[PDB]
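Novice: experimental structure and sequence below.
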Amino acid sequence: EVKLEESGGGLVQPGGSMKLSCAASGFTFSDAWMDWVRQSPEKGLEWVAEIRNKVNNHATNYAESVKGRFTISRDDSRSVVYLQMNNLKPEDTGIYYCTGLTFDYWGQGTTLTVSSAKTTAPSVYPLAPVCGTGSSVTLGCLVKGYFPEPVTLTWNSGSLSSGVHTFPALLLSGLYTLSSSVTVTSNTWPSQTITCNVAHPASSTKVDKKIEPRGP
Amino acid sequence: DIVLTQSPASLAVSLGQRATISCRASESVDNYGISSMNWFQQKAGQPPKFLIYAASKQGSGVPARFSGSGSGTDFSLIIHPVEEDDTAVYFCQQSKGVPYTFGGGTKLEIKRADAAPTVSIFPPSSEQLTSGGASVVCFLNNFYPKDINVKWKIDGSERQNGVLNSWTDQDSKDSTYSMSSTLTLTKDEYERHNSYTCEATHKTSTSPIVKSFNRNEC
Amino acid sequence: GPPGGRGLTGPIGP
């Protein structure tokens, strides 16, 4: 099984700097040609940089839009790729994927936000049904006014996955909002506890909110 | 830069039908008697997955129903028979010349039986009132097709401003969509009026689905 | 020859 994990994404101001890195297992790393690809809504998918193997002189190549600003490099002993990013611009905002064997293998991605804006943690409000069917029952968790992206949201720490719908974030007043909804039976809730867990790693926030019913 | 243009932008294909997605390169991509063209699938919330390489060769474990073909300028990805998990975005990608370049993407929707939503209405949480805000929410869940209207009413009177709607990508299993609608107000403006309705009109349902609460009924 | 480090999706060598 092959695994690529990116880290070192997050918030930083224009002109500043950030070092993304990538941990790689499951394939013979010294031999592998590694790359960074990035994805944003405006530009689509952009190959950012390449680094070839020891046999090919660890040759680097870049997108002309990041030349002499970004630098790609590797440690064949640690099995790790690094992207040093200097004089960062607003267009560099996006999700950075680390890929192996050119684009055979792909990590899950680390999000880079290049904005002068300030971090602003979510407010996580739990939504219980209206006071008063039964055959099923639908609960909600509302996550408002955060920045940057992303957040992560699960129910009972990943246990409840089926019957969930988490909505893509939208910009409401220059800052992000989203929600999630989970549908169960009335034997499940309120017999057993359903907890909406939110994370926002830029502000260091991790909050578990129980779906308490509305009592008059 | 060898530029790729994909077509179409999106299609919607019934189960067990052919899905043909094409890629158009602004220079040839053949190198050493091999066509340097690859295809990627991106399912919602996930990285692109490699599918096809060398125009017509198959990635490992990649289902038989995926297959590509072409040479020189024009390539295509052919999925047949289509299944529910094939709802994704498909990119073609070129690897002869640097920069290595991706198409803008082609969205595959999978057609299924029409299906009416399940509307649920949620007042502001008690926690949110303490905060000095008021977000009324409506979840319209598990419907097809994607096109859906929501209509908010405050004491019967219509309201347009504040309302933001977010849909999910089509489900990989049951091929439906879901949406949230989120009228957001001040505590001051919320508590003036009493009867808050969210009203869902949709292709399936003959009369609109109304869901409401009065602010005090409990 | 085989690719390898290049990858099944990487550019081709003589």
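Specialist: Yes, it's here. Residues are numbered from 1 along each chain as shown, chains lettered A, B, ... in the order given.

Novice: please make it C-alpha for all contacts and neighbour counts, starting now.
Specialist: Will do.

Novice: who touches residue B:177 in this structure?
Specialist: B:141-146, B:167-171 (C-alpha atoms under 8 Å, 6 or more residues apart in numbering or on different chains).

Novice: return the residues of chain A in contact with chain B.
Specialist: Taking C-alpha under 8 Å from any C-alpha of the partner chain as the criterion, chain A approaches chain B at residues A:44-47, A:62-63, A:97, A:103-109, A:125-132, A:138, A:140, A:165-170, A:172, A:179, A:181, A:215-216.

Novice: from the residues you listed, which land in strands?
Specialist: A:44-47, A:62, A:97, A:105-106, A:125-127, A:138, A:140, A:165-166, A:170, A:172, A:179, A:181 (DSSP state E).

Novice: near chain A, from the contacts of residue B:177?
Specialist: B:167-168.

Novice: dihedrals phi and psi, residue 3?
Specialist: No chain was given, so I picked chain A. The phi/psi pair for residue A:3 (degrees, to the nearest 10) reads phi -140, psi 130.

Novice: that's the wrong chain, I meant chain C
Specialist: Residue torsions, per degrees, to the nearest 10, at residue C:3 are phi -90, psi -70.

Novice: what about it, distance to residue A:101?
Specialist: Distance of residue C:3 to residue A:101, given as C-alpha to C-alpha, to the nearest Å: 9 Å.

Novice: show me the contacts for the closest residue to chain B within chain A.
Specialist: Closest approach between chain A and chain B, counting by C-alpha to the nearest C-alpha: residue A:131, at 4.8 Å. The contact partners of residue A:131, by C-alpha under 8 Å, 6+ apart, come to A:214-215, B:217-218.

Novice: again, 7 Å this time
Specialist: A:214, B:218 (C-alpha atoms under 7 Å, 6 or more residues apart in numbering or on different chains).

Novice: re the thing from before, buried ones among the contacts of residue B:177?
Specialist: Burial by neighbour count, judged by 16 or more other C-alpha atoms under 10 Å in any protein chain shown, picks out B:141-146, B:167-171 from these.

Novice: among those residues, which are located in strands?
Specialist: Checked against DSSP E, the buried ones among the contacts of residue B:177 include these in strands: B:141-143, B:167.

Novice: out of those residues, which comes closest to residue A:3?
Specialist: residue B:167 (30.7 Å; C-alpha to C-alpha).

Novice: so how far is chain C from the closest one?
Specialist: Distance of residue B:167 to chain C, computed by C-alpha to the nearest C-alpha, to the nearest Å: 33 Å.

Novice: wait, doesn't that residue sit right on residue B:179?
Specialist: Yes. Counting by C-alpha atoms under 7 Å, residue B:179 is a contact partner of residue B:167 at 4.2 Å.

Novice: select only the buried ones of the residues of chain A next to chain B in PyMOL?
Specialist: For the buried members of the residues of chain A next to chain B, the matching PyMOL selection, counting by 16+ other C-alpha under 10 Å, is:
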select buried, chain A and resi 45+46+47+62+63+97+103+104+105+106+107+108+109+125+126+127+128+129+130+138+140+165+166+167+168+169+170+172+179+181
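
Novice: quick one on the thing from earlier: can you redo the buried ones among the contacts of residue B:177 as JSON lines with distance to residue A:158?
Specialist: Below are the buried ones among the contacts of residue B:177 laid out as JSON lines (distance: C-alpha to C-alpha, whole Å):
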{"residue": "B:141", "distance to residue A:158": "20"}
{"residue": "B:142", "distance to residue A:158": "21"}
{"residue": "B:143", "distance to residue A:158": "24"}
{"residue": "B:144", "distance to residue A:158": "27"}
{"residue": "B:145", "distance to residue A:158": "29"}
{"residue": "B:146", "distance to residue A:158": "27"}
{"residue": "B:167", "distance to residue A:158": "22"}
{"residue": "B:168", "distance to residue A:158": "19"}
{"residue": "B:169", "distance to residue A:158": "20"}
{"residue": "B:170", "distance to residue A:158": "21"}
{"residue": "B:171", "distance to residue A:158": "18"}
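
Novice: that concludes my questions; thank you for your assistance.
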